[PDB]
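Asks: This one's a deposited entry, sequence included:
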Amino acid sequence: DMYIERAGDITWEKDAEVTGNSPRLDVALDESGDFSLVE
Amino acid sequence: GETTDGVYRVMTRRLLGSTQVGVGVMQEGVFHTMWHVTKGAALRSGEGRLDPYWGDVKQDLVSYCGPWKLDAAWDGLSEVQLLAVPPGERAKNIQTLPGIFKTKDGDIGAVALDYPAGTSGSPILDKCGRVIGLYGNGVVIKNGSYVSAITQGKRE
Ligand SMILES: Cc1cc(CO)c2cccc(CC(=O)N3CC[C@@H](CN)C3)c2n1
C-alpha cells in the first residue's frame, strides 16, 4: 500500500546547478510505453 | 488528505523499510504521476484516499481524483528545470537544455540527467514555473547514461 508526502513547491529557481547535454536521438515507442533506439 | 499544490514523494512499506518508488505533482486537486510508479493502484494521503481517474500505459501517465490538468509545453528553444526529488534527499532544481526524441509520430523533448528510478514522476518546469512534463520514461544510450522524455499529457 502506497502513500504520498509533500517534498516542496513547484518554483523556477534563478541561479540553480546548470548541467546535462542535449542529444537528438532516433527512438521507437512500443505498445508497453517503452522507448528504444532506432539505429 | 493533503490537496496542497506542489511535488510529493510516492512511498510504499511493502518492502524493507519505507521505500520511495516515485514522485508526482498535485495541481487543482488532481495528483499526476507516471503509470509505472503506482501501476494504477490507489494512494494514501494521511488517512485520505486517492483513487485513479485516468491512465494510459503507452503515455506512461496516471491522474488521481480528476482529469489530467498539466497542459504547458516545452517551447523547443529555452532551457528548463528538472525539479528532481531523489530518494532520501531534499528537492533540487537542475537547469538543462532539452535534447530531442525523434519518432515516426513526431518529436519530443528529452532531458539527459541520470538519477535513481525512484525519482520517476519529478516535474520539468518552464521559466514561469509551469509543469511541461514528468521525468522517468526514457532510454539508456551508447554511453550507458539515461535520457528521459519530457512526458506531458493532453488536457480536455
Ligand atoms: C534503467 C533506468 C535507469 C535510470 C537512471 O539510471 C532511470 C531513471 C529514471 C527512470 C527510470 C525508469 C524508466 O525509464 N522506465 C521503467 C519503466 C519504463 C516504461 N515506462 C521506463 C530509469 N531506468
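Replies: Structure received. Numbering: from 1, shown residues only, chains lettered A, B, ... in the order given.
Asks: Quick check, residue B:6 in contact with residue A:5.
Replies: No. Counting by C-beta atoms under 8 Å, residue A:5 is not a contact partner of residue B:6; they are 10.8 Å apart. C-beta here means a position set from N, CA and C on the backbone, and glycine is covered the same way.
Asks: Who has more neighbours out of those two?
Replies: Between residue B:6 and residue A:5, residue B:6 has the larger neighbour count (other C-beta atoms under 10 Å in any protein chain shown), namely 17 against 13.
Asks: Can you give me every residue that contacts residue B:22?
Replies: B:10, B:33-34, B:36-38, B:118-121, B:136 (C-beta atoms under 8 Å, 6 or more residues apart in numbering or on different chains).
Asks: Now, these that are in helices?
Replies: If you go by DSSP state H, the contacts of residue B:22 have B:36-38 in helices.
Asks: could I get those as CSV with distance to residue A:32?
Replies: As requested, the ones in helices among the contacts of residue B:22 are arranged in CSV below (distance: C-beta to C-beta, whole Å):
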residue, distance to residue A:32
B:36, 10
B:37, 15
B:38, 16
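Asks: Which of these ranks first by neighbour count?
Replies: residue B:37 (25 neighbours).
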